[PDB]
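Enquirer: okay, here's the opening piece of the assembly, coordinates as they are in the complex:
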Amino acid sequence: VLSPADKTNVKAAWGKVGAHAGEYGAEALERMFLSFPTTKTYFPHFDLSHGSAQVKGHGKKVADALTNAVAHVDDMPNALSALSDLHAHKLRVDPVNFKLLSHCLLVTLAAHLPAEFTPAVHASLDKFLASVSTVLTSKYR
Amino acid sequence: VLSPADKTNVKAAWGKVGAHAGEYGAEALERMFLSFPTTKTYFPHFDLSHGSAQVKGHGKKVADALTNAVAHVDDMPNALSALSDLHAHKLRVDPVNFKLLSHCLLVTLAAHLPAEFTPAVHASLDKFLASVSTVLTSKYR
């Protein structure tokens, strides 16, 4: 479970992310589509070429959802309600894929945050991403 | 999450297991060790031979915890608090292995409950074993 130390670590790092939320989200998606090609099976309607404005736009939306999660780190289930249902009953993304995006989000963060990506912040962030994914796959069945 | 029907299916299925709970517990463990050899790394001190008094003994303990979980299905976390601490702080079994044992338990019940293992019961039991695994992994980090 996210402890107070976890919550402050995530808040501080995301605070550093700041206005780069969108671009980091787009970068994470490109790293995911490249490193784990199977995740592409969920975006057959996307222009997935290098530099795609469609991937960029989506990256911003995924970024905004996470900023919102951080802002409601105390009650994520009620803040991520609509999205959980979306993924559970409309998108139906196999749960295994959330681990892949989370890994790619961590790598992107590590590549951009040299000062704040300490072992402890790394632990908090990983825990946070697992919780977000838990909230998003909570209504699958 | 566990719906009333789920709780009802689990109880019906498990009640039919009855006094055979120990034996099924041991069979699932044996099927696990053979199908997934990597699980044996946590039992280096065990006699893993077919018919081992030690596997029979451990199977009975696992079966008892499940029978107890079924009895307090509505309050599993509190009911399994101490077992959760044990795994989280002493045994430290990687989370992935819980899915392997759950699968083998399900295969064991299928092989022993021809009439009871319906698609609906199958789903309920899979959800039940998933909640149990989640409870037992709640305190890892």
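Expert: Arrived safely. Numbering: from 1, shown residues only, chains lettered A, B, ... in the order given.
Enquirer: where's residue A:54, which helix or strand?
Expert: Under the criterion DSSP states H and E, the helix or strand holding residue A:54 is helix A:53-71.
Enquirer: how far off centre is that helix?
Expert: Counting by C-alpha atoms, centre = their mean, to the nearest Å, helix A:53-71 is centred 8 Å from the centre of its parent chain.
Enquirer: can you list contacts of that helix?
Expert: Applying C-beta atoms under 8 Å, 6 or more residues apart in numbering or on different chains, the set of residues contacting helix A:53-71 from outside is A:10-11, A:14, A:21-30, A:33, A:46-48, A:76, A:79-80, A:83, A:101, A:105, A:128, A:132, A:135. Quick note: C-beta positions are derived from backbone N, CA and C, even for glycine.
Enquirer: how many neighbours does the closest residue to residue A:1 other than its chain neighbours have?
Expert: Spatial nearest neighbour of residue A:1, excluding adjacent residues (C-beta to C-beta, 6 or more residues apart in numbering or on different chains): residue B:138 at 7.6 Å. Residue B:138 is flanked by 16 other residues according to other C-beta atoms under 10 Å in any protein chain shown.
Enquirer: please give me every residue in contact with residue B:138.
Expert: The contact partners of residue B:138, taken as C-beta under 8 Å, 6+ apart, are A:1, B:77, B:84, B:88.
Enquirer: and the second one, what element?
Expert: When you say that, I think you mean residue B:77. helix B:76-79.
Enquirer: now that helix, how far from the centre of its chain.
Expert: Centroid separation for helix B:76-79 versus its chain: 15 Å, with C-alpha atoms, centre = their mean.
Enquirer: how about it: buried residues?
Expert: For helix B:76-79, burial by neighbour count (16 or more other C-beta atoms under 10 Å in any protein chain shown) applies to B:76, B:79.
Enquirer: stretch A:37-52 now?
Expert: By 16+ other C-beta under 10 Å, the buried positions in stretch A:37-52 come out as A:39, A:52.
Enquirer: roughly how far apart are residue A:136 and residue B:72?
Expert: Between residue A:136 and residue B:72 the distance is 28 Å, computed by C-beta to C-beta, to the nearest Å.
Enquirer: chain C comes next; put it on the structure above:
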Amino acid sequence: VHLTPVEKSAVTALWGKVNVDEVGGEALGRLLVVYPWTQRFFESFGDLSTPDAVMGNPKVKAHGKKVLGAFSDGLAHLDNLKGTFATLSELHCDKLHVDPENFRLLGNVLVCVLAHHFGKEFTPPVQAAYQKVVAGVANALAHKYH
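Expert: Below, chain C sits with the chains from the block before:
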């Protein structure tokens, strides 16, 4: 793939008593019921809202027969699973867009179904042989993904 002659004889002997029609519908039906998100590819099948709807659905039974029929074809060519499933692998990726994880879920459901149908015949060692087969088939179907 990597099966000891004893394991190969095992898988073979048991499969010869399998009626792919029955077990096919059973396996695909249970997949959709136990792991509901897998229904994302079968909206055209109609009502899959309840276990009874899924199990009695004619298209579900039909697709189950086909899938298990292809699986059966893989068992006759255990020496060349990748070669045998090459076409199907490209097809599931490029045309159907099926996340390979699904093949793994179906493999596990099938093992449960064989256990349920055969009872005591489905011994722990026979199951281990089938776990390798099911994993090998899933890997052969996921090999052309890109």
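Enquirer: ok chain C is loaded, check the buried residues of stretch A:37-52 again?
Expert: By neighbour count, with 16+ other C-beta under 10 Å as the criterion, the buried positions of stretch A:37-52 are A:38, A:39, A:40, A:41, A:42, A:52.
Enquirer: ok, residue A:117 - contacts?
Expert: Applying C-beta under 8 Å, 6+ apart, the residues near residue A:117 are A:13, A:109, A:110.
Enquirer: and the last one, what does it touch?
Expert: By that I understand residue A:110. So residue A:110 contacts A:117, A:122 (C-beta under 8 Å, 6+ apart).
Enquirer: measure it to residue B:7 for me?
Expert: Residue A:110 sits at a distance of 43 Å from residue B:7 (criterion: C-beta to C-beta).
Enquirer: swap in the first one?
Expert: Relative to residue B:7, residue A:13 is positioned 41 Å away (C-beta to C-beta).
Enquirer: residue C:66 now?
Expert: 36 Å.
Enquirer: pick out whichever of these two has more residues nearby.
Expert: Applying other C-beta under 10 Å to residue C:66 and residue B:7 shows that residue B:7 carries more neighbours, namely 16 against 12.
Enquirer: OK, contacts around that one?
Expert: Contacts for residue B:7 (C-beta under 8 Å, 6+ apart) come out as B:73, B:74.
Enquirer: do the same with the one 3 residues further on
Expert: Residues in contact with residue B:10, defined by C-beta under 8 Å, 6+ apart, are B:2, B:70, B:73, B:124, B:125, B:128.
Enquirer: up against chain A, what does chain C have?
Expert: C:35-40, C:93, C:97-102, C:142, C:145-146 (C-beta under 8 Å from any C-beta of the partner chain).
Enquirer: can you flag the buried ones in these?
Expert: For the residues of chain C next to chain A, a burial check counting by 16+ other C-beta under 10 Å picks out C:35-40, C:93, C:98-102, C:142, C:145.
Enquirer: dump those to CSV, plus secondary structure.
Expert: Shown next, in CSV, are those (DSSP: H, G, I helix; E, B strand; the rest coil):
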residue, secondary structure
C:35, coil
C:36, helix
C:37, helix
C:38, helix
C:39, helix
C:40, helix
C:93, helix
C:98, coil
C:99, coil
C:100, coil
C:101, helix
C:102, helix
C:142, helix
C:145, coil
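Enquirer: ok, now chain D:
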Amino acid sequence: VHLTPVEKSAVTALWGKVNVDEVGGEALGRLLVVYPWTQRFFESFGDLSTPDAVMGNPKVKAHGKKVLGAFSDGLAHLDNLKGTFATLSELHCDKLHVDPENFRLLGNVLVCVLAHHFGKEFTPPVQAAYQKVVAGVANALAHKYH
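Expert: So, slotting chain D in with the rest:
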């Protein structure tokens, strides 16, 4: 796992810029901190109660350098991962009793360390190549388990 000529080259080019001593300590230390249950194999390393205790632990560093020195040897022969790691695979199973899943956790932690270390140099294509390598090493190391 299969590495294409570009992937293999991306992997070794960058590895040449890596300080195995430093990176070994970072990776193994962050492993024990991020996934606490891994500490079960290192109870004799001393205090590992906190991130700073883990990171500054000389035994952790000495061990990180050793696992990465072997990893480094495997990278020199990307086409022979299984053979290169066959003996260590038996060791980790028979003598050490280490669950192969830990090899995968360390793999992903390593990729994070390389990203943190190299920054923008750790591009998406370079990461994709490392992900294949890291999965290949874990598979080679788990290959002799029985």
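Enquirer: same question on the buried residues of stretch A:37-52, but with chain D included?
Expert: Neighbour counts over stretch A:37-52 (16+ other C-beta under 10 Å) mark A:38, A:39, A:40, A:41, A:42, A:52 as buried.
Enquirer: also near chain C: which of these, exactly?
Expert: Residues of the buried residues of stretch A:37-52 in contact with chain C (C-beta under 8 Å from any C-beta): A:38, A:39, A:41, A:42.
Enquirer: does the third one sit in a helix, a strand or a coil?
Expert: The one in question is residue A:41. Applying three-state DSSP: residue A:41 is helix.
Enquirer: what lies in contact with stretch C:24-36?
Expert: Contacts for stretch C:24-36 (C-beta under 8 Å, 6+ apart): A:92, A:140-141, B:119-120, B:122-123, B:126, C:38-39, C:42, C:48, C:51, C:54-55, C:57, C:60-61, C:63-69, C:105-106, C:109-110, C:112-113, C:117.
Enquirer: mind checking which helix or strand the residue lying closest to residue A:52 once chain neighbours are set aside is in?
Expert: Distances taken as C-beta to C-beta, 6+ apart place residue A:46 nearest to residue A:52, at 7.1 Å, with adjacent residues excluded. Assigned by DSSP H and E, residue A:46 belongs to neither a helix nor a strand.
Enquirer: what's residue A:46 in contact with, if anything?
Expert: Listed by C-beta under 8 Å, 6+ apart, the contact set of residue A:46 reads A:52, A:54, A:55, A:58.
Enquirer: state the distance from the closest residue to residue A:20 other than its chain neighbours to chain C.
Expert: Excluding the flanking residues, the one nearest residue A:20 by C-beta to C-beta, 6+ apart is residue A:112, at 7.0 Å. Per C-beta to the nearest C-beta, to the nearest Å, residue A:112 is found 28 Å from chain C.
Enquirer: neighbours of residue A:112, how many?
Expert: Counted with other C-beta under 10 Å, residue A:112 comes out at 19.
Enquirer: ok, now which ones touch it?
Expert: A:17, A:20, A:24, D:119 are the contacts of residue A:112 under C-beta under 8 Å, 6+ apart.
Enquirer: list buried residues within the residues you listed.
Expert: So, by 16+ other C-beta under 10 Å, the buried ones in the contacts of residue A:112 are A:17, A:24.
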